[PDB]
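Cβ placement follows ideal geometry from the backbone for every residue including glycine, while neighbour counts extend to all protein chains displayed. Read the figures in this text as sums done on the coordinates, not as results from a lab.
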Amino acid sequence: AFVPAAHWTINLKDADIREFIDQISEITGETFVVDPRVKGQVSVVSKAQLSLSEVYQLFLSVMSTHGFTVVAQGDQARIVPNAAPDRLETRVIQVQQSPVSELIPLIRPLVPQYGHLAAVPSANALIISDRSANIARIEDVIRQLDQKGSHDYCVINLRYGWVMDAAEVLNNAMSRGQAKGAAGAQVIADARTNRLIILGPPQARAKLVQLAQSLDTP
Amino acid sequence: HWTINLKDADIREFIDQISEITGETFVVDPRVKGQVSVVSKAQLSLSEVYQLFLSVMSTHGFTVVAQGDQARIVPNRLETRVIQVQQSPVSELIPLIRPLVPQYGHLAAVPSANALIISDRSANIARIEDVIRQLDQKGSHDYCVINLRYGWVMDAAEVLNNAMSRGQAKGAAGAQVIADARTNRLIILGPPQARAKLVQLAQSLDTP
Ligand SMILES: [Ca+2]
């Protein structure tokens, strides 16, 4: 259930989706007619405190995650099916130092197609839907990116190379101190498009981009 | 295949025209209303016409809900236009064009026809189409993103474009810039040398 923290926190595990909806009505005061086809088990977690409006946003993210949407029929609000692993958790992740919008494109490559990613700018938080072990891993990536001063980035679409090989070569070179002028830059592999995302301060990023290009030469 | 040019028609007519084309039967909720303009000069398959239908419904805040064989249309000036892309994969251009589409608008890909569906004011559509024509190329688009700290992207973009068109940006010629006003960031495109140069100029512009 939602626990007062008017703000609230939540730690609901393996609950019927219908229970979650009813719970949202109790807090919001909104009333929903739930289509008979709406079914499923949900896990919803927020250690960050949420306002009433942010709770509604979380509700929409959970609905969207499981393929449902809210419509108006017959003078009432209706939850209906909209046109993946069994256990999915929807977690709210608060970001401390950086604006959430700047981190979104850097973490999208870690979100699977079945998953969900949304910004909650009023709380400077991200909503992510995934299996719990995947979420913990992403939370660490967020924590690390959040410590960085810059989130500017360059994208390289590899024509010849395999994205994982290239990422491995670039990280090892930096680890060994073998990348000259790129120390401080960082690489993120984005397999779905066979592309690299290079980030860092201007001079280091410009050098790592050049180095990355050399791994993709015909 | 079908083409379309529907101007200022009741949305209920558009729904009827989609039913005749697709054979789908729809039951429209009494609260459904609105005027639509829908254009596709490109020839669309039955399935692609249905994709267009979904884009128009979504554009005006309507959801289509399966009810067995039939489908229920329920609530949750803009023109909806289909734009053909010749060389670039449509799915690649999507993220690059989205910054230009306002939140009241709509943007969707039709990968089987390699076309984009956009809903916006006719004048902003014409502007995007120029941007698409310039982006359109056989090779992939490498790019750089700059989150501005001091400057404003619509101003910065204008300065960078003016310098390139007027000949003040030597070396950056051929590069392209897309302003993303929602997050105050620039997207810099083009061949490697031009792109790298335009990045340096953008960076010089955001240092006070
Ligand atoms: Ca009808």
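Count of segment B:24-38 residues, restricted to those that are away from the ligand (no atom under 14 Å from the Cβ), polar (S, T, N, Q) and out of contact with any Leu (no Cβ under 7 Å at 6 or more places or on another chain), is 1. The number of residues in segment B:171-204 that are of a type in the set (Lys, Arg) and touching a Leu at 6+ places or on another chain (Cβ under 8 Å) comes to 2. Candidates B:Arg127, B:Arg81, B:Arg133, B:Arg77: the one that is loosely packed, with under 14 Cβ neighbours inside 10 Å and within 11 Å of the chain's Cα centre (by Cα) is B:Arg127. Here are some residues: A:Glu139, A:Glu168. Which one is farther than 30 Å from B:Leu148 by Cβ and either in contact with a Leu (Cβ under 6 Å, 6 or more places away or on another chain) or part of a helix (DSSP H, G or I) (or both)? Testing whether each residue is farther than 30 Å from B:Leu148 by Cβ and either in contact with a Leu (Cβ under 6 Å, 6 or more places away or on another chain) or part of a helix (DSSP H, G or I) (or both) leaves just A:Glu168.
Residues of segment B:84-93 being surrounded by fewer than 17 Cβ atoms within 10 Å (Cβ to Cβ) and away from every other protein chain (no Cβ under 12 Å), which ones? Residues satisfying the conditions are B:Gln84, B:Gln86, B:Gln87. Of all the residues that make up segment B:28-50, how many are surrounded by 20 or more Cβ atoms within 10 Å (Cβ to Cβ) and either under 16 Å from the mean Cα position of the chain (by Cα) or of a type in the set (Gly, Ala, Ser) (or both)? So the answer is 2. In this structure, is B:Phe62 closer than 22 Å to A:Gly67 by Cα, surrounded by 15 or more Cβ atoms within 10 Å (Cβ to Cβ) and within 13 Å of the ligand (Cβ to nearest atom)? Against the criterion (closer than 22 Å to A:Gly67 by Cα, surrounded by 15 or more Cβ atoms within 10 Å (Cβ to Cβ) and within 13 Å of the ligand (Cβ to nearest atom)), B:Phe62 does not qualify.
Would you confirm whether or not segment A:65-88 contains a residue that is within 30 Å of A:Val155 (Cβ to Cβ), out of contact with any helix residue (DSSP H, G or I) (no Cβ under 9 Å at 6 or more places or on another chain) and part of a helix (DSSP H, G or I)? Checked segment A:65-88: at least one residue is within 30 Å of A:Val155 (Cβ to Cβ), out of contact with any helix residue (DSSP H, G or I) (no Cβ under 9 Å at 6 or more places or on another chain) and part of a helix (DSSP H, G or I). So which residues in segment A:60-75 are among the β-branched types (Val, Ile, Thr) and more than 12 Å from every other protein chain (Cβ to nearest Cβ)? Matches in segment A:60-75: A:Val62, A:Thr65.
Listed by first and then second residue, the pairs linking a residue in segment B:1-19 that is assigned to a strand (DSSP E or B) to a residue that is within 16 Å of the ligand (Cβ to nearest atom) and of a type in the set (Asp, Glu), with Cβ atoms under 8 Å apart and 6 or more places separating them unless they lie on different chains, are B:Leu6/B:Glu13. So, in segment B:39-59, how many residues would count as being within 14 Å of chain A (Cβ to nearest Cβ) and more than 15 Å from the ligand (Cβ to nearest atom)? Going through segment B:39-59 one residue at a time, the tally reaches 6. Only residues that are away from the ligand (no atom under 12 Å from the Cβ) and either within 14 Å of another protein chain (Cβ to nearest Cβ) or under 14 Å from B:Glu79 (Cα atoms) (or both) were counted across segment B:2-23, and they come to 6.
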